[PDB]
K.L.:
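So that we are looking at the same thing, I have put the structure below in structure tokens.
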Amino acid sequence: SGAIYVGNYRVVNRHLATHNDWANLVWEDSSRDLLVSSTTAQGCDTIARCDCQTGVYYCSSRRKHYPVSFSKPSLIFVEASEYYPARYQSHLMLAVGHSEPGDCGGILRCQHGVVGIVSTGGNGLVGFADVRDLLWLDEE
Ligand SMILES: Cc1cccc(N2CCCN(CCC(N)=O)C2=O)c1
Ligand SMILES: [Zn+2]
């Protein structure tokens, strides 16, 4: 689990969104595994607006933050799962790192701010849903 709290927005994995998230919906995209809902309180996270390919992510199944090198956001085939049919997921970045299903939502960050959240994994890989192109998260 986990979310990004920027401005009056809560960014979560679409597959982990709550009923309250759907009832306060701003935007969602199944092809990216992202959903954004509105919040009453202002958050403290800042979104990175950069080209970093190195950063640090939080792994809840280890209670640890790990430094990683990650690929540029791309269209990657993601196997049918209990959350989606077999499909290509867009804006996904891969790295070598430990992950388990409940690690989704952990933040990946660089020196500029939050880069994305854990969305996929297995066999010593971890995939992150990028948010750096979502410029509207910085306004309204
Ligand atoms: C982090 C992690 C580790 C092990 C496994 C996973 N699973 C669990 C099942 C669903 N997906 C796919 C989600 C999607 N974005 O389509 C995973 O990759 C995640
Ligand atoms: Zn950066």
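Read the numbers this way: they start at 1 and go in the same order the structure lists the ligands and their atoms. Hydrogens, waters and symmetry mates play no part in the numbers below; they use all other heavy atoms, side chains included. For the single chain, residues carry numbers from 1 onward in sequence order.
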K.L.:
I'd like the name of whichever of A129, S99, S81 reaches closest to atom 10 (C) of ligand 1 through any heavy atom.
P.N.:
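Shortest heavy-atom distance from atom 10 (C) of ligand 1: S81.
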K.L.:
Taking all heavy atoms of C59 and all of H98, pick out the closest pair and write down the distance.
P.N.:
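Looks like SG-O, 3.6 Å.
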K.L.:
Going by the order shown, which atoms of ligand 1 are within less than 4.0 Å of some heavy atom of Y83?
P.N.:
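The list of qualifying atoms is 10 (C).
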K.L.:
Which ligand 1 atoms does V118 reach within 4.0 Å, using its non-hydrogen atoms?
P.N.:
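Near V118, the atoms of ligand 1 are 1 (C).
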K.L.:
Would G121 count as being in polar contact with ligand 1, using the rule that some N or O on each side must be under 3.5 angstrom apart?
P.N.:
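Looking only at distances, the answer is yes, because the N/O contact criterion of under 3.5 Å is met.
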K.L.:
Looking only at side-chain N and O atoms, does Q53 offer a donor or acceptor that is under 3.5 Å from a partner on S69?
P.N.:
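No, no side-chain donor-acceptor pair sits under 3.5 Å.
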K.L.:
At under 4.0 Å between heavy atoms, is it the side chain or the backbone of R32 that contacts ligand 1, or both, or neither?
P.N.:
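Neither; nothing of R32 gets under 4.0 Å from ligand 1.
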K.L.:
Test of understanding: given a 4.0 Å heavy-atom threshold, classify the contact between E79 and ligand 1 as side chain, backbone, both, or neither.
P.N.:
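Neither part.
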K.L.:
Could you verify whether a donor N or O on one side chain and an acceptor N or O on the other, from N8 and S38, lie under 3.5 Å apart?
P.N.:
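The answer is no; no qualifying pair exists.
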K.L.:
I want to know if ligand 1 touches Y84 in the polar sense, i.e. an N/O pair below 3.5 angstrom.
P.N.:
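In fact, backbone or side chain, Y84 has no N or O that close.
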K.L.:
Please verify whether a non-hydrogen atom of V78 lies at under 4.0 Å from ligand 1.
P.N.:
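So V78 counts as touching ligand 1.
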K.L.:
Counting both backbone and side chain atoms, is some N or O of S119 under 3.5 Å from an N or O of ligand 1?
P.N.:
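N/O-N/O distance under 3.5 Å: yes.
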K.L.:
Would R87 count as a contact residue for ligand 1, given that I'm defining contact as a non-hydrogen atom of the residue lying under 4.0 Å from a ligand atom?
P.N.:
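Contact check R87 vs ligand 1: positive.
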K.L.:
Side chains of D29 and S31: is there a donor and an acceptor less than 3.5 Å apart?
P.N.:
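Side chains of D29 and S31: pair found under 3.5 Å.
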K.L.:
Heavy-atom contacts with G122 under 4.0 Å: which atoms of ligand 1 show up? List them by number with element.
P.N.:
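Close to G122: 3 (C), 4 (C).
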K.L.:
Got an N/O contact under 3.5 Å between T120 and ligand 1?
P.N.:
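Yes.
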K.L.:
Students often mix this up, so state it plainly: with edges at 30° and 60°, are the rings of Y9 and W136 parallel, tilted or perpendicular?
P.N.:
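Taking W136 first and then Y9, their aromatic rings stand perpendicular (interplane angle over 60°).
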K.L.:
Give, for atom CG of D33 and atom CD1 of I117, the distance between the pair rounded to the nearest 0.5 Å.
P.N.:
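These two atoms lie 7.0 Å from each other.
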K.L.:
Given SG of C52 on one side and SG of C110 on the other, what angle do they make at the Zn ion (ligand 2), to 10°?
P.N.:
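The angle at the Zn ion (ligand 2) comes to 120°, rounded to the nearest 10°.
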K.L.:
Is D33 touching ligand 1 with its side chain, its backbone, both, or neither, if touching means heavy atoms under 4.0 Å apart?
P.N.:
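Under 4.0 Å from ligand 1, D33 contributes side-chain atoms alone.
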K.L.:
Would you mind checking if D138 and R49 are paired as a salt bridge, meaning a charged N to carboxylate O distance below 4.0 Å?
P.N.:
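The answer is yes: the pair qualifies as a salt bridge.
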K.L.:
Distance check, rounded to the nearest 0.5 Å: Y84 atom OH versus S30 atom OG?
P.N.:
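Output value for this atom pair is 4.5 Å.
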K.L.:
Of all N, O or S atoms in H112, which has the smallest distance to the Zn ion (ligand 2)?
P.N.:
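Relative to the Zn ion (ligand 2), the closest nitrogen, oxygen or sulfur of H112 carries the name ND1.
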K.L.:
Identify the two heavy atoms, one from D45 and one from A3, that lie closest to each other, and give their separation to 0.1 Å.
P.N.:
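Taking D45 first and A3 second, the nearest heavy atoms are OD2-O, 4.3 Å.
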